Number of protein chains: 4
Amino acid sequence: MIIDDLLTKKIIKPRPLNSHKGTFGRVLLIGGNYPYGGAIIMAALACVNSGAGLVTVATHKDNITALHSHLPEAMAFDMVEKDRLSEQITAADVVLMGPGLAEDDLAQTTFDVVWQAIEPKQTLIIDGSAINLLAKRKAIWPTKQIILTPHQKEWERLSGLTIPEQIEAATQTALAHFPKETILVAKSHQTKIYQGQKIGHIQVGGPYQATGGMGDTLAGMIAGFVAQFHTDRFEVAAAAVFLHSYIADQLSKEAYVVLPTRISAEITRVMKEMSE
Amino acid sequence: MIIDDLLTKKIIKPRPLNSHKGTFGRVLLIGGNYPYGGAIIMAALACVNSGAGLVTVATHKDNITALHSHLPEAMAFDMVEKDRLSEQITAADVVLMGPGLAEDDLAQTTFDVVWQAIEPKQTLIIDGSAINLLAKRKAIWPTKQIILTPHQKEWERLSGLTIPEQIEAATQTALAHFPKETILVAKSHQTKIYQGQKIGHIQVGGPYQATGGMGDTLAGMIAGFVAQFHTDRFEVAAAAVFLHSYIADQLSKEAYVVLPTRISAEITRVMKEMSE
Amino acid sequence: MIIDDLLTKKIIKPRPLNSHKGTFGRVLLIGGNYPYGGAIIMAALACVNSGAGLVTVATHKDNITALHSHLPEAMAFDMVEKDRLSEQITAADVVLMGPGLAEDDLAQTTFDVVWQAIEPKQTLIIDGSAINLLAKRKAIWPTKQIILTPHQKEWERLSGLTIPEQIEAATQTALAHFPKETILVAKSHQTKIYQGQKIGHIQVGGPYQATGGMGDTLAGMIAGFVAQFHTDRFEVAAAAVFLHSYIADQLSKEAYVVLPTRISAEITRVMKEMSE
Amino acid sequence: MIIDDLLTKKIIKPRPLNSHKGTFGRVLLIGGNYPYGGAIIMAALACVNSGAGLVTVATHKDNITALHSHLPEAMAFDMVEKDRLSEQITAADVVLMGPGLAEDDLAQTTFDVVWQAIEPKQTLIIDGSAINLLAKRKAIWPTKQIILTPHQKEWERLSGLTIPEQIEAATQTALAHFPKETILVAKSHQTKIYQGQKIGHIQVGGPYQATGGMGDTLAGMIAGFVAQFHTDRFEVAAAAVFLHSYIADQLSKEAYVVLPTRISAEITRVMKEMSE
Ligand SMILES: [K+]
Ligand SMILES: [K+]
Ligand SMILES: [K+]
Ligand SMILES: [K+]
């Protein structure tokens, strides 16, 4: 099936007048480990602009200033602070780990803190280098509400499929190995969304998106969507994926390359349009 | 009674041609203690944009750079610098303490410095976590010109009323326990302004405001209003509260969520309109 | 005499096609000493936007990041670096010392470095707290091309005149004590420009300018003007002073307060208009 | 021959729909050594905005925050980190070394790391102070795809020609001393592009460009062009040079000075127009 605007218009519902906060969810982002700070800033920017009720960032000490230059709306702390990181996991509804996390000792220590602190009611998004980190180890998943957002090569690491042999049928079968509800966002030329026996295709998107930080922005948007829209999780993530490229398509008419932060700036205006 | 634009148009008076500075007041903001830096940046942004003559921020050493990235208009120093903090209290007309202050040892040391340095002619706004700090201790108030801006839960801590039993009559009676002139801004779904036997209701506002940092922006605006408008303090704070949501209402027509910093950017253009 | 647009249109000449750089001058700014960093950032912003060929800032180590967040166009270094500060003085055509300099030991050490390194062909602008620093000491001036930009109170310190007795005749007579070519910019409600027996009045300006950082922006603009326009120095500084308030007047139609950084952003568009 | 829009329209081709990333190249920038941080930020800004697929910056530790304030899209690390700098050279298609590099011990250590790590398939741009660094030493070039972007004075250092005797014929003959494919961009009043027996002249450009950071922006643009357009390297660099001044010409109609960062902001909109 094809993910289009009508699906996205189905998900992006006008906000209930009464319910204020909580309803719109709390996300914790974990990443931007040296030297990949910008990645967590771009996911943060996307997440806030998508309408997450509260956004909290666990990042490198020396990257907090730059984050706040862009986004004072998001609390940020040193990810090495083990007890605060723990407290913040329990306060979060959605945990996005991976953008700019890297693979050093601090990343593995952190991965393992998060992995032991995740609760069953929480949504866990595993992005970028955290896919490699998930691959090195294994048996019980701390939640069933798992979203994977790997690159062509990172998904290879997790599933054992080379880029030529990452055909729909092969990716689909490698998924039946993770919990049934697991959503996979196969970031690619044409990104596809997998869950169980469902495959979603986006027709929107173009070469103006082939620029550094595009995936981080996508990760942030998916996190913001799942935080506030509690209906079918596959369609919610699918909508996030559609809108990301749909905005890029709009910005392309007047831009040779569409920059990740330029897409983030446009998010609410377009979500507003999508809500009618 | 209902706080509307006509009241706000009554407060926001065209500026006297002669009187330059001083008239528009000096505010000291104290907060943005690690890791809640963004909060003091958002209150600062609101305070300057509301037209405070001079804005000074006592904040965490490592948060000054980020503040100045947004706002070189505001002097900022390390709140641990006891003698400078003291000097700055005596130079201020309005002291806004609390947004991002936190509750650690540095926050309590600071609370107590401010509390002993406040003078009777000064307006004191106690926000966020400083409400909890005020709650732990008590007998003489250093000023009668007190404004409280607590969340549903923080006001519980101060008054002993649960969120179900924070009914108008109960909040009103719990106020008769603080000095007669004390203004309470009950930040809520529908924020209400209390002083003595007066209750102000705003009809403006919506769910697009249910995003992190919204209260900090409100605290900054109230501080900027009270700094420059010296008529009835209840109506001045009420106007600040109205305009905050009124701007959010305007920005909502083209935004699914209205971000705290987006509201700040619009303040003077709208105050200009309000002044006619 | 009155400083108006016709004078400003006389100074702001269309740029010669051939002459590229050098012609437009090199300014060194010295200030933004802790905790007054924003001041040097606002003077820097004004100076670059006014069209200075090259702008260099000697500032506090911990303030360079914030400066570059606003203005990567300007080189910045630690003012404690004595040998680099010296080298940079000799490379500069115009030295603006004072905005946010403060009065501590580092400020006095620096004042005295600059004072001994100034050359006769250089223009020296002494601003803010550097007026107090000039007041404490005295006999030979390192240049005759001196511009003073003090506040009502700072000029008192230098001349011995109280704010009531800073009447035109008294200020004029206190100037005949500094070298003949010295220009005084008496920043006030209505700023006036003094040199010898000349007094310039600006009619433009309003109460929307009574906000923190307004003087720093003026200091930066004067520095940028004198760097590139080598005709009569009194009229050049006068034009800078006029345009500062003229821009504020334009921005006031849609702004209750006009912020110093908002004026800086508009400078070249308006200078372009002034050049015809 | 004259470099105009028709040449630039020939180079800036609409992006292939399929090919996503890699095609658009990876650039490593090395510079922004203390205190010339802004220079690498301005080259970075230009490089990303020109459409480089991935941009990585090797810069001073204390300059990474400021870079990310402007550009979270670009990874940045401490250039003193020898093993990471090495790894990043091998991952890059284009290496731009020099803007703000300075000439101290750290710059020479770095120059020599890069010089030994460059591979034959890589394009190497030597800018600003790195021209002086290239001049001090000499015999085998690590690549034939060399672009030199020196100032009037830096090219003197390399070739032994004074500014009066840097006549077309003299510059042309001094080039026959570097590998045959070497491109020289003679940044000047009227910048000219040299390769072999070819000389390109731009007619666009004006005095509004005579402002600090203009060359850094040019260096960044050339880097972004060569990263994505793999046809004739002389024409590709020529186009980059044309567009830089062409944009400045457009911005000049409403700007007395055209600032380097203002040009960068406009790049994709204009490249989009150039692609038709
Ligand atoms: K809808
Ligand atoms: K009015
Ligand atoms: K003119
Ligand atoms: K074309």
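The rules behind the values
- Residues numbered from 1 in each chain as written, not as in the entry; some residues may be left out.
- Chains lettered and ligands numbered in written order.
- Heavy atoms only, no water.
- Residues with missing side-chain atoms left out of burial classes, pairs and counts.
- UniProt positions renumbered as here; feature names shortened; annotations may be inferred.
- Least-squares fit on C-alpha atoms.
- Contact = heavy atoms within 4.5 Å.
- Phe/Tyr/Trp six-rings, centres within 6.5 Å; stacked < 30°, edge-to-face > 60°.
- Buried < 20%, exposed > 50% of the residue type's maximum accessible area, 1.4 Å probe, protein only.
- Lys NZ or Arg CZ within 6 Å of the ring centre and 35° of its normal.
- Donors = N, O, S within 2.8 Å, 3.2 Å for Na, K, Ca; no water.
- Helix = DSSP H or I, 4+ residues; strand = E, 2+ residues; numbered from the N terminus.
- Axes fitted to C-alpha atoms, helices over the stretch in contact; angles between N-to-C directions.
- Parallel < 35°, antiparallel > 145°, perpendicular 65-115°, else oblique.
- Left-handed = near helix turned anticlockwise from the far one by under 90°.
- Pairing = 2+ DSSP bridges.
- Salt bridge = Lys/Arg side-chain N within 4 Å of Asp/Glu carboxyl O.

- Here the PDB entry title reads "The crystal structure of hypothetic protein SMU.573 from Streptococcus mutans".
- The Sequence similarities (unreviewed entry) field of the UniProt record for chain A holds the comment "Belongs to the NnrD/CARKD family."

Considering the relation of the copies chain A and chain B
Okay, step 1: If you rotate chain A by 90° and push it 0.0 Å along the axis, it lands on chain B with an RMSD of 0.0 Å. Both copies of the chain, as the preceding transformation shows, are related through a four-fold rotation axis. Proximity to the rotation axis, assessed at the C-alpha, singles out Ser69 of chain A in chain A; its C-alpha lies 4.1 Å from the axis.
Okay, step 2: Looking at the interface residues of chain A, only 9% of them are also at the interface in chain B, so each copy uses its own face.

Looking at the packing of aromatic side chains
Okay, step 1: Applying the stated criterion across every chain yields a total of 24 aromatic pairs over all chains.
Okay, step 2: With 5.5 Å between their ring centres and 65° between their planes, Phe225 of chain B and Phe229 of chain B make a pair best called edge-to-face. Each member of the pair, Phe225 of chain B as well as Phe229 of chain B, carries the same accessibility label: buried.
Okay, step 3: Through a chain of ring-to-ring contacts, the aromatic side chains of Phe111, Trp115, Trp141 and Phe178 of chain A assemble into a single cluster.
Okay, step 4: Taking the ring centre of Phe24 of chain A as reference, the NZ or CZ of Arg15 of chain A above it sits at 3.8 Å.

Examining the coordination of the potassium ion (ligand 2)
Residue and element names in this part refer to chain B.
Okay, step 1: Taken together, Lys9 (O) and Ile12 (O) make up the full set of protein donors to the potassium ion (ligand 2), lying 2.7 to 2.9 Å away.
Okay, step 2: The class for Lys9 is partly exposed, based on a relative accessible area of 38%.
Okay, step 3: Judged by its relative accessible area of 1%, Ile12 is buried.

Description of the UniProt feature "binding site: (6S)-NADPHX" (unreviewed entry) in chain A
All names here are of chain A.
Okay, step 1: Per the UniProt entry, the sites bearing "binding site: (6S)-NADPHX" (unreviewed entry) are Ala39, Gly100, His151 and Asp216 in this numbering.
Okay, step 2: As for its position among the elements, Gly100 is in the loop between β5 (94-97) and α5 (105-117).
Okay, step 3: Residue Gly100 is classed as buried on the basis of its relative accessible area of 13%.
Okay, step 4: Apart from the residues lying within four places of it in its own chain, the contact partners of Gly100 are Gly31, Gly32, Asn33, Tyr36 and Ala39.
Okay, step 5: Structurally, the position occupied by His151 is in the loop between β7 (146-149) and α7 (152-159).
Okay, step 6: Classification of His151 as partly exposed rests on a relative accessible area of 42%.

Some points on the environment of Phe77 of chain D
Okay, step 1: With respect to the helices and strands, the residue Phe77 of chain D is situated in strand β4 (residues 75-78).
Okay, step 2: The spatial distance from the C-alpha of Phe77 of chain D to the C-alpha of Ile30 of chain D is 9.9 Å, given a sequence separation of 47 residues.
Okay, step 3: Each residue touching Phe77 of chain D, except ones within four places of it in the same chain, is listed here: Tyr34 and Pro35 of chain A together with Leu28, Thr56, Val57, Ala58, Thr59, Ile64, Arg84, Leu85 and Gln88 of chain D.

Digging into the relation of the copies chain D and chain C
Okay, step 1: Between chain D and chain C, the superposition needs a rotation of 90° and an axial shift of 0.0 Å, giving an RMSD of 0.0 Å.
Okay, step 2: Interface residue correspondence from chain D to chain C reaches only 11%, placing this contact among heterologous pairings that use different surfaces.

Some words on the packing of helix α2 (residues 37-49) of chain D against helix α11 (residues 260-275) of chain D
Residue and element names in this part refer to chain D.
Okay, step 1: Contact pair α2 / α11: the axes reach a minimum separation of 8 Å and the direction vectors enclose 10°. In terms of orientation, α2 and α11 fall into the roughly parallel class. Here α2 and α11 pass one another in a crossing that is left-handed. Taken together, the residues of α11 that come into contact with α2 (itself represented by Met42, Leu45, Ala46 and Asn49) are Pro260, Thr261, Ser264, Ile267 and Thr268.

Here we look at the sheet that holds strand β1 (residues 2-3) of chain A
Residue and element names in this part refer to chain A.
Okay, step 1: On the basis of which strands lie adjacent, the open sheet formed by 10 strands has the order β1-β10-β9-β8-β7-β6-β5-β2-β3-β4 and mixed pairing. Looking along the sheet, the strands with just one partner apiece sit at the ends: β1 and β4 (75-78).
Okay, step 2: Here strand β3 (residues 54-59) runs beside β4; their pairing, made up of four bridges, is parallel. Bridging across to β4, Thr56 finds its partner in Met75.

Regarding the interface of chain A and chain B
The accessible area lost on association of the parts is a frequent measure of interface size.
Okay, step 1: In this complex, chain A contributes 35 residues to the contact, which on the side of chain B involves 27 residues.
Okay, step 2: For the side of chain A that touches chain B, the secondary structure elements donating two or more residues are α2 (37-49), α3 (64-70), β4 and α11 (260-275) of chain A.

Focus on the pattern of salt bridges
Residues and elements named next belong to chain A.
Okay, step 1: Across all of its chains, the model carries 32 salt bridges over all chains by this definition.
Okay, step 2: A salt bridge links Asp232 to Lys198; the nearest nitrogen and oxygen atoms lie 3.3 Å apart. Within this pair, whereas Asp232 is found in the loop between α9 (214-228) and α10 (233-252), its partner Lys198 is found in strand β10 (residues 198-202), the two being separated by 34 residues in sequence.
Okay, step 3: For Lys198, a relative accessible area of 31% puts it in the partly exposed group.
Okay, step 4: If you follow the salt bridges from partner to partner, you end up with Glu266, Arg269 and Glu273 in one network.

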